[PDB]
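Peer 1: Take a look and give me a structure for this.
(chains A, B, C, D and E, ligands or ions: 21)
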Amino acid sequence: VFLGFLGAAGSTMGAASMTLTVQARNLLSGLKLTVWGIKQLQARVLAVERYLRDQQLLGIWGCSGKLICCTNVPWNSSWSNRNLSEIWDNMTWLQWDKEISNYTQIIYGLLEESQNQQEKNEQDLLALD
Amino acid sequence: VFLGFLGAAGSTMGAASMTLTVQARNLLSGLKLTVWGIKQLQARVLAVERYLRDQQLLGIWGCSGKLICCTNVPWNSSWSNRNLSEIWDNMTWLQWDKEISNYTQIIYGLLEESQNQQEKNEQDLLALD
Amino acid sequence: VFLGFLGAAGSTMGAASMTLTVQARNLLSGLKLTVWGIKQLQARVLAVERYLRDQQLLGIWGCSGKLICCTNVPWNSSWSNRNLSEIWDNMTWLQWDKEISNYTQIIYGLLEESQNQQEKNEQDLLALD
Amino acid sequence: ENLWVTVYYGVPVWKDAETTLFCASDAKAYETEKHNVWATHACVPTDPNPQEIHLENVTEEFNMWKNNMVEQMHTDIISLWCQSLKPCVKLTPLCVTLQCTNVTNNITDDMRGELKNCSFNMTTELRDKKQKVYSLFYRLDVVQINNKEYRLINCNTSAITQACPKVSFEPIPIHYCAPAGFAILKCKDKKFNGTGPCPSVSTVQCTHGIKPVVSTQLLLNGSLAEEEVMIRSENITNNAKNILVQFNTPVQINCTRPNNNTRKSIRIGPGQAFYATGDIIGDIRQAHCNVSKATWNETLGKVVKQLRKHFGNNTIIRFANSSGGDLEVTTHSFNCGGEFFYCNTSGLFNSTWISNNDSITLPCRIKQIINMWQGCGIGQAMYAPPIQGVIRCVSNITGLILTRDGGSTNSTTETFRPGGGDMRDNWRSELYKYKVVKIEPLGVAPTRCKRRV
Amino acid sequence: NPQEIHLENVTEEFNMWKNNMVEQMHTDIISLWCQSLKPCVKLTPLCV
Ligand SMILES: *[C@@H]1O[C@H](CO)[C@@H](O[C@@H]2O[C@H](CO)[C@@H](O[C@@H]3O[C@H](CO[C@H]4O[C@H](CO)[C@@H](O)[C@H](O)[C@@H]4O)[C@@H](O)[C@H](O[C@H]4O[C@H](CO)[C@@H](O)[C@H](O)[C@@H]4O[C@H]4O[C@H](CO)[C@@H](O)[C@H](O)[C@@H]4O)[C@@H]3O)[C@H](O)[C@H]2NC(C)=O)[C@H](O)[C@H]1NC(C)=O
Ligand SMILES: *[C@@H]1O[C@H](CO)[C@@H](O[C@@H]2O[C@H](CO)[C@@H](O[C@@H]3O[C@H](CO[C@H]4O[C@H](CO)[C@@H](O)[C@H](O)[C@@H]4O)[C@@H](O)[C@H](O[C@H]4O[C@H](CO)[C@@H](O)[C@H](O)[C@@H]4O)[C@@H]3O)[C@H](O)[C@H]2NC(C)=O)[C@H](O)[C@H]1NC(C)=O
Ligand SMILES: *[C@@H]1O[C@H](CO)[C@@H](O[C@@H]2O[C@H](CO)[C@@H](O[C@@H]3O[C@H](CO)[C@@H](O)[C@H](O[C@H]4O[C@H](CO)[C@@H](O)[C@H](O)[C@@H]4O)[C@@H]3O)[C@H](O)[C@H]2NC(C)=O)[C@H](O)[C@H]1NC(C)=O
Ligand SMILES: *[C@@H]1O[C@H](CO)[C@@H](O[C@@H]2O[C@H](CO)[C@@H](O[C@@H]3O[C@H](CO)[C@@H](O)[C@H](O)[C@@H]3O)[C@H](O)[C@H]2NC(C)=O)[C@H](O)[C@H]1NC(C)=O
Ligand SMILES: *[C@@H]1O[C@H](CO)[C@@H](O[C@@H]2O[C@H](CO)[C@@H](O[C@@H]3O[C@H](CO)[C@@H](O)[C@H](O)[C@@H]3O)[C@H](O)[C@H]2NC(C)=O)[C@H](O)[C@H]1NC(C)=O
Ligand SMILES: *[C@@H]1O[C@H](CO)[C@@H](O[C@@H]2O[C@H](CO)[C@@H](O[C@@H]3O[C@H](CO)[C@@H](O)[C@H](O)[C@@H]3O)[C@H](O)[C@H]2NC(C)=O)[C@H](O)[C@H]1NC(C)=O
Ligand SMILES: *[C@@H]1O[C@H](CO)[C@@H](O[C@@H]2O[C@H](CO)[C@@H](O)[C@H](O)[C@H]2NC(C)=O)[C@H](O)[C@H]1NC(C)=O
Ligand SMILES: *[C@@H]1O[C@H](CO)[C@@H](O[C@@H]2O[C@H](CO)[C@@H](O)[C@H](O)[C@H]2NC(C)=O)[C@H](O)[C@H]1NC(C)=O
Ligand SMILES: *[C@@H]1O[C@H](CO)[C@@H](O[C@@H]2O[C@H](CO)[C@@H](O)[C@H](O)[C@H]2NC(C)=O)[C@H](O)[C@H]1NC(C)=O
Ligand SMILES: *[C@@H]1O[C@H](CO)[C@@H](O[C@@H]2O[C@H](CO)[C@@H](O)[C@H](O)[C@H]2NC(C)=O)[C@H](O)[C@H]1NC(C)=O
Ligand SMILES: *[C@@H]1O[C@H](CO)[C@@H](O[C@@H]2O[C@H](CO)[C@@H](O)[C@H](O)[C@H]2NC(C)=O)[C@H](O)[C@H]1NC(C)=O
Ligand SMILES: *[C@@H]1O[C@H](CO)[C@@H](O[C@@H]2O[C@H](CO)[C@@H](O)[C@H](O)[C@H]2NC(C)=O)[C@H](O)[C@H]1NC(C)=O
Ligand SMILES: *[C@@H]1O[C@H](CO)[C@@H](O[C@@H]2O[C@H](CO)[C@@H](O)[C@H](O)[C@H]2NC(C)=O)[C@H](O)[C@H]1NC(C)=O
Ligand SMILES: *[C@@H]1O[C@H](CO)[C@@H](O[C@@H]2O[C@H](CO)[C@@H](O)[C@H](O)[C@H]2NC(C)=O)[C@H](O)[C@H]1NC(C)=O
Ligand SMILES: *[C@@H]1O[C@H](CO)[C@@H](O)[C@H](O)[C@H]1NC(C)=O
Ligand SMILES: *[C@@H]1O[C@H](CO)[C@@H](O)[C@H](O)[C@H]1NC(C)=O
Ligand SMILES: *[C@@H]1O[C@H](CO)[C@@H](O)[C@H](O)[C@H]1NC(C)=O
Ligand SMILES: *[C@@H]1O[C@H](CO)[C@@H](O)[C@H](O)[C@H]1NC(C)=O
Ligand SMILES: *[C@@H]1O[C@H](CO)[C@@H](O)[C@H](O)[C@H]1NC(C)=O
Ligand SMILES: *[C@@H]1O[C@H](CO)[C@@H](O)[C@H](O)[C@H]1NC(C)=O
Ligand SMILES: *[C@@H]1O[C@H](CO)[C@@H](O)[C@H](O)[C@H]1NC(C)=O
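Peer 2: Numbering: from 1, shown residues only, chains lettered A, B, ... in the order given. Ligands and ions are numbered 1, 2, ... in the order given. Dropping the coordinates below:
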């Protein structure tokens, strides 16, 4: 089905993992001398800033695929102590971010490191052949 | 040769498939209190909107390569009923879009589905190893 | 360590090749009727133009990985006549660009050609299977 | 043999659309300014080496009469005219009762006093003591009201502001450009009436230098046609539709203002200062415009030979002058050295052509208070300051704006008279060979190629 | 918390007398001086 934009906002993370191509679709874009022109323009640039803020992180991380992705960073237990079948079938994305909001910035540091490290490491395999 | 920007606009789709890196090059970018400043600015942002409109579709589809690409969607005959050597050697891109303008939006739905479906499917292969 | 933004600006190219994920991080983003609003806005759009100018070249070249990359273009000796262990351990990036500023545009032509050529060539391998 | 869709990014695919175009002018235009350029303040320097790509095998259909780059240009020119006179000195404490007389001259009785030596009061720097000062005005600027006492013609229509003397009204070349994702297609056909397919089309980023020349009856310093003279019309049969003529060879014209005027610098306020017309140094002479009658001879012959291609071959073509109305329509309204001329074109369009060394001088009047383009609202009126010295200017006549009479089934001949009023035509005479297109580079095509899993 | 990164081994050549952030600052201050007095009371009916 197509529940639409943000359809699975109250659904389990496993059920909302099906609707990631819909929320990404409507995330960018669906006049004389006045005050509404700027009213729309500064919003129309904030849209772009809010999009590329995410995209540059998605790029400097290992995954420019822009949908879903796995990474070579061990899930540090200290972050949640919850179970695979107890979050993907018993918790909502908002609730989840509510738990992990504290450590989000930390994780971003580790992803940037792991990715730069992987790319530097792969150049050495490409250079010997 | 380098026929330049839009050189192969009257050429067959097979002959214009050689000049895709040229039209993509010149597709982004080649003052006091006035009215020309905004005149240029709103155009200079429409450039970016018109570029990223295409790029987000190219990303949510299977191909962020940004040049040419194949997809796992069967070409539904009902769309054209024309032949491989009768379009790539006997039809111009404009004429072609003139035929397929009706179904373009439909195809985009199918590409988004196929891609989200492929990525979800590949995570399951990556998780068992 | 994290020497910070532009930490390795006076360091050898080999030592600065470790800090490429830091300079890329701080390269995008770290009000009533007035004159500062536009003062910030035209700068806030020049940021985006200066970013995507680089990104479109990085895309039309073979490497959208956005970190480091190798290419199938032979290093034409006529450009430098210097040695691998005499630039990566005895020269700074600025000095290096100071040498190669003359030929930079030439190299960009060759990269665009090689990439369009590779992609056209790979479609023929994908079509026979 | 089972086909697969394949995405393509960068396909020559465009569609007709309308965007916000910007200006572009040479680096010299930015050079010649004492705040003197009326536009170039914030214009983009033009590319030193413009590039024009010829698109082979392409046939695109143009339509000059419903083209939007014209509307953008005109409304932009209107807004620029407006904005250039906002911060300039306003002549509100004018319109005082003017005690006027003839100018000092003894000529026969068949000479109506074009100029009037007027006297009036004025407010000085202080808002107490007045100022019995005199000026010289043209008769068109003033109107009697019931010793002859007058007023300014516009006191009863709109407010008034003076055009600063620092700014100039010199038409400079404007190249219009389109943003990324768009392009401007330029028909490269020698004989093209602006509507229909163009066999040899090319593309460009910025058009050629289009000078914004404001005239009404005759197009000036325009682009010459190629080979045979060009006729363009939206509907030739409809006598209500103008007929724009573009010339192949330019007709030399010479307009002069033989009056060495004087600039009086009155102080109306603590900041403002008004520029009246002082006494005339020399003879009381009239502004006039010259047209070499030989070149005009051959030009009229070459246009009638093109007319016969549309109105039957063995017919008689007559030329008469304007019918009447405003001065802006019945005279070749234009600006030269800053003064706004209004010339009588009755000596150019009084001819008759059957199936088969001097100058024609034209009496040119001058007006200083003009209110074209409605006045930016319902208020502003502009006073063209007086210009010292004799003004002489040489221009090209490069086109005409004609109109035909509605005889219906009257004769084998039909008479043609100058027209205008709507100045968008002045731009359609140069934006007949251009059109805008947006780029949509996403195109999918079938091929027996699938990406593996 | 402003951050100042010391760039070791770097030697850059400055020129204070042909520096443009100065021109921007002054012309901006001029324009601000200007704009702050536009909507303020004008004393035209003074000078008596
Ligand atoms: C169709 O095309 C024709 C051909 O181009 C065009 O003719 C142009 O006519 C105008 C109007 O007369 C000419 O412009 C004036 O030229 C005179 C003198 O000519 C040159 O003299 C010196 C060298 O001898 C040159 O360096 C100079 O630049 C001139 O080109 C000038 O006196 C005029 O300049 C004054 O006015 C300018 C703006 O109006 C100011 O920017 C300039 O600083 C001058 O200001 C002075 O003027 C006041 C007196 O007038 C004086 O009191 C002030 O203190 C101040 O010092 C002006 O440039 C032009 O040369 C002709 N064309 C060309 C190519 O030169 C037609 O006009 C055109 N059709 C239409 C409708 O315009
Ligand atoms: C448009 O209309 C205006 C109306 O004001 C005319 O302006 C006046 O014109 C008259 C002449 O037409 C000018 O009068 C002349 O003034 C000269 C200056 O002398 C006076 O000034 C000095 C100080 O500078 C005093 O000390 C002295 O006592 C004088 O009072 C005189 O020298 C002139 O004399 C000559 O003409 C008169 C005319 O009757 C003769 O009797 C004399 O013998 C002699 O031949 C003359 O009186 C007056 O100055 C003008 N106004 C101003 C403000 O200057 C414009 O001339 C008119 N323009 C046109 C084109 O018609
Ligand atoms: C001041 O203004 C007055 C006008 O009020 C002006 O006086 C006029 O001079 C002309 C001279 O050209 C007079 O015209 C003459 O009229 C008679 C008939 O009345 C004609 O026969 C004359 O013929 C001559 O001109 C013909 C063509 O021009 C020639 O073919 C012929 O052979 C003659 O040469 C002549 O035209 C006019 O009558 C007077 N006006 C009055 C009211 O007397 C005077 O010249 C001006 N002076 C200055 C200094 O400005
Ligand atoms: C895209 O789809 C539309 C339908 O949604 C297609 O429009 C249809 O086109 C046919 C012609 O191919 C039209 O038939 C016309 O009938 C009139 C009636 O007499 C006749 O005068 C015409 O000569 C023509 O035969 C049909 O009416 C029209 N559909 C509708 C609803 O108007 C369109 O052709 C498709 N585009 C392409 C490129 O195939
Ligand atoms: C980039 O390419 C340009 C050429 O397009 C190089 O410029 C050239 O540099 C040499 C020096 O290496 C110049 O020689 C000079 O000759 C004068 C004449 O006496 C002398 O006084 C100087 O000491 C110097 O020897 C040469 O003139 C100059 N070319 C031109 C056309 O001016 C430039 O060096 C290249 N950049 C790099 C980093 O190599
Ligand atoms: C009045 O019209 C004449 C037309 O002959 C103008 O002189 C001519 O100006 C045109 C350009 O406006 C010149 O054509 C150009 O010549 C160059 C030469 O290299 C050519 O490469 C260009 O493609 C273009 O065709 C033309 O040569 C010139 N005629 C002569 C005899 O020099 C004159 O400037 C006009 N005056 C105005 C508009 O005030
Ligand atoms: C404005 O100019 C007129 C004449 O053009 C002056 O009119 C005078 O008005 C007074 C009114 O009391 C009469 O008594 C005079 O007879 C008028 N004529 C004169 C004085 O020549 C008027 O005074 C002028 N305004 C001023 C000087 O402020
Ligand atoms: C504004 O002034 C103009 C000219 O003084 C007026 O136009 C003239 O009006 C009178 C009387 O209404 C007519 O006799 C004239 O024929 C008109 N002139 C022309 C050229 O048509 C105009 O009516 C005035 N507007 C007002 C007073 O509202
Ligand atoms: C430009 O010239 C062409 C050719 O003369 C005109 O094409 C005519 O178009 C009408 C209807 O659009 C047809 O009925 C005629 O048969 C066409 N002429 C020919 C010779 O086939 C076109 O109308 C002209 N356009 C303008 C604006 O003058
Ligand atoms: C028009 O009148 C002006 C009046 O100022 C003349 O300018 C003066 O001309 C004389 C002789 O030509 C010079 O001696 C003066 O120096 C000039 N005045 C100034 C302020 O410089 C001007 O010459 C007249 N027009 C012509 C074509 O001569
Ligand atoms: C228009 O003006 C131009 C220049 O003022 C005239 O051209 C010159 O005119 C002078 C005097 O008439 C001659 O001595 C020159 O030989 C002319 N040169 C050229 C290149 O023509 C032109 O003749 C005038 N034409 C008209 C119709 O007034
Ligand atoms: C066009 O020419 C005609 C005929 O020469 C002019 O008609 C004359 O106009 C004047 C001014 O109104 C009248 O006094 C005459 O009675 C008119 N003559 C006729 C026979 O009607 C007409 O003025 C000219 N057009 C222009 C705009 O000047
Ligand atoms: C434009 O030219 C025509 C034609 O010369 C002028 O009409 C003349 O008007 C005067 C009256 O001032 C008559 O004496 C002439 O006999 C008229 N000419 C003809 C041929 O009849 C007209 O006045 C001029 N100006 C305008 C504004 O129309
Ligand atoms: C067209 O212009 C010619 C040229 O002036 C006019 O011819 C004049 O006709 C009158 C008749 O009343 C003669 O008295 C003049 O001598 C003629 N002038 C010349 C120079 O020959 C002609 O009148 C104009 N057209 C019309 C319809 O009047
Ligand atoms: C991750 O968990 C380990 C347990 O070995 C703990 O020592 C460490 O501090 C945690 N890391 C971070 C960055 O919180
Ligand atoms: C594709 O073609 C099939 C033929 O089996 C047809 O049934 C179907 O409606 C077409 N699909 C679409 C979405 O047009
Ligand atoms: C690269 O070096 C070769 C040496 O064989 C030289 O001939 C060639 O001109 C160089 N190419 C360019 C584009 O500079
Ligand atoms: C102006 O001159 C004309 C003709 O010379 C005359 O009829 C009129 O009465 C004069 N008017 C004045 C105010 O001098
Ligand atoms: C053009 O003129 C003809 C003449 O009869 C008229 O019938 C038609 O309505 C006009 N408009 C057009 C052709 O668009
Ligand atoms: C010049 O124009 C007049 C006006 O009708 C005409 O009589 C004459 O024949 C023309 N000259 C030539 C050489 O055709
Ligand atoms: C008029 O006749 C000429 C020959 O004198 C011919 O070339 C032209 O085509 C004809 N024009 C028509 C009939 O419109």
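
Peer 1: Report how many residues lie close to residue 72.
Peer 2: Since no chain was named, I'll use chain A. Residue A:72: 11 surrounding residues under other CB atoms under 10 Å in any protein chain shown. The C-beta positions use only the backbone N, C-alpha and C, and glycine is treated the same way.

Peer 1: My question was about chain D, not that one.
Peer 2: Neighbours of residue D:72 under the rule other CB under 10 Å: 20.

Peer 1: Am I right that it falls within a strand?
Peer 2: No. With DSSP: H, G, I helix; E, B strand; the rest coil as the criterion, residue D:72 is helix rather than part of a strand.

Peer 1: if I look at it, how far off is ligand 8?
Peer 2: Using CB to the nearest ligand atom, to the nearest Å, residue D:72 is found at 34 Å from ligand 8.

Peer 1: Tell me how many other residues surround the residue in chain A that ligand 10 sits nearest to.
Peer 2: Across chain A, no residue is closer to ligand 10 than residue A:33, which sits at 43.3 Å (CB to the nearest ligand atom). Other residues lying near residue A:33 total 9 when counted by other CB under 10 Å.

Peer 1: in a strand, that's where it is, yeah?
Peer 2: No. Remark: residue A:33 does not belong to a strand; assigned using three-state DSSP, it is coil.

Peer 1: so which strand or helix has residue D:362?
Peer 2: Assigning secondary structure by DSSP states H and E places residue D:362 in strand D:359-367.

Peer 1: Mind giving me the packing neighbours of that strand?
Peer 2: Other helices and strands packing on strand D:359-367, by 3 or more CB pairs under 8 Å, 6 or more residues apart in numbering or on different chains; DSSP states H and E, are strand D:133-138, strand D:243-257, strand D:287-292, helix D:293-307, strand D:340-343.

Peer 1: Buried deepest among these, which one?
Peer 2: Comparing the helices and strands packed on strand D:359-367 by mean neighbour count (mean count of other CB atoms under 10 Å in any protein chain shown), strand D:340-343 ranks first with a mean of 22.

Peer 1: Using CSV, list the CA coordinates for that one.
Peer 2: C-alpha atoms of strand D:340-343 as CSV (Å, rounded to 0.1, in the frame of the first residue of the first chain):
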residue,chain,number,x,y,z
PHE,D,340,12.3,64.9,-25.8
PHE,D,341,11.7,65.6,-29.5
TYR,D,342,8.3,65.3,-31.2
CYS,D,343,8.7,65.5,-34.9
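
Peer 1: Quick check, the residue in chain A closest to chain D?
Peer 2: residue A:33 (8.5 Å; CB to the nearest CB).

Peer 1: Could you count how many residues lie near whatever residue of chain A ends up closest to ligand 15?
Peer 2: In chain A, no residue comes nearer to ligand 15 than residue A:76, which is 3.8 Å away by CB to the nearest ligand atom. Each residue near residue A:76 was counted by other CB under 10 Å, and the total is 11.

Peer 1: ditto for residue D:217
Peer 2: If you count neighbours by other CB under 10 Å, residue D:217 ends up with 24.

Peer 1: cool, and residue D:237?
Peer 2: Counted with other CB under 10 Å, residue D:237 comes out at 8.

Peer 1: ditto for residue D:346
Peer 2: The burial metric for residue D:346, expressed as a neighbour count using other CB under 10 Å, is 15.

Peer 1: What ranges does the chain have for its helices?
Peer 2: The chain I'm using is chain A. Under the criterion DSSP state H, helices of chain A are mapped to A:13-16, A:20-23, A:36-60, A:84-87, A:93-100, A:104-128.

Peer 1: Let me rephrase: I mean chain D.
Peer 2: Listed in chain order, the helices of chain D (DSSP H) span residues D:68-83, D:293-307, D:327-330, D:424-428.

Peer 1: could I have the shortest one exported to PDB, CA atoms only?
Peer 2: Presented in PDB, the C-alpha positions along helix D:327-330 are these (Å, rounded to 0.1, in the frame of the first residue of the first chain):
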ATOM      1  CA  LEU D 327       1.300  64.100 -29.500                       C
ATOM      2  CA  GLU D 328       3.000  60.900 -28.600                       C
ATOM      3  CA  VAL D 329       1.300  59.100 -31.400                       C
ATOM      4  CA  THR D 330       1.000  61.800 -34.000                       C
END
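
Peer 1: Does at least one residue of that helix sit close to ligand 8?
Peer 2: No. For a cut-off given as CB under 6 Å from any ligand atom, helix D:327-330 has no contacts with ligand 8; the smallest distance is 9.3 Å.

Peer 1: That helix near ligand 12 anywhere?
Peer 2: Yes. Helix D:327-330 comes into contact with ligand 12 when judged by CB under 6 Å from any ligand atom, the residues involved being residue D:330.

Peer 1: Which strands or helices does that helix pack on?
Peer 2: Contact analysis of helix D:327-330 by 3+ CB pairs under 8 Å, 6+ apart lists no helix or strand as a packing neighbour.

Peer 1: buried sites along it?
Peer 2: By neighbour count, with 16 or more other CB atoms under 10 Å in any protein chain shown as the criterion, the buried positions of helix D:327-330 are D:328, D:329, D:330.

Peer 1: that older thread, show me the one of the helices and strands packed on strand D:359-367 that comes nearest ligand 9.
Peer 2: Between ligand 9 and these, the shortest separation by CB to the nearest ligand atom is 9.8 Å, and it involves strand D:243-257.

Peer 1: and the angle for that closest one with strand D:359-367?
Peer 2: Using axes from the mean of the first three to the mean of the last three CA atoms, to 10 degrees, the inter-axis angle of strand D:243-257 relative to strand D:359-367 is 80 degrees.

Peer 1: got the angle between strand D:243-257 and helix D:293-307?
Peer 2: Angle, strand D:243-257 to helix D:293-307, by the same axes, to 10 degrees: 170 degrees.
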